[PDB]
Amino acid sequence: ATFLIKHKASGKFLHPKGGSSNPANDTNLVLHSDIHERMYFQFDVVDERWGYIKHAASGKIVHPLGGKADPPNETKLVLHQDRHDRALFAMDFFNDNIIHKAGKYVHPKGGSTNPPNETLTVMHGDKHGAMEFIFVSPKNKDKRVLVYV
């Protein structure tokens, strides 16, 4: 499956900063309003719920910056080519969030309900409406799609 990662409260989407089809390692993941093929994602299942969030255009995957196992609050999210267990996430399409292996969630930095374009994404333990995400068709940004297949 190929999908968009849509911030529920704002309707903005996860992008590599700059929108490249081949972002460098450690490129930040931001929120931005635009839809294009360089903000499509895939999900590579590794173990049941756990897997890699894959930037479709480049094949790089989402990491906490630095690849720490138990990233603290405010750790930036980036793309990197490496595959390892510290880049495992789950796509909770029931509670509408993205959870890292060590139990924190993807947030817009600052936790706004309407983050501006280019807002950084970070890890944070809190749960609230401004950390919800839904996973939608590139063809219809309101149509949820199953990311596990």
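Quick note: we count residues from 1 along the sequence shown, nothing fancier.
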Quick one: say whether 104-112 or 86-94 has the higher mean Cα B-factor in the deposited entry. 104-112
Looking at the C-alpha B-factor values in the deposited entry, which of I53, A57, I99, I35 comes out highest? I35
For the listed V45, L120, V62, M123, which has the peak Cα B-factor recorded in the PDB entry? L120
Check where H128 lands among this chain's C-alpha B-factors and tell me if it's the lowest, middle or highest third. highest
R49 by Cα B-factor - lowest, middle or highest third of the modelled chain: lowest
In terms of the CA temperature factor given in the entry, to which third of its chain does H15 belong: lowest, middle or highest? lowest
By its CA B factor, does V145 count among the lowest, middle or highest third of the modelled residues in the chain? middle
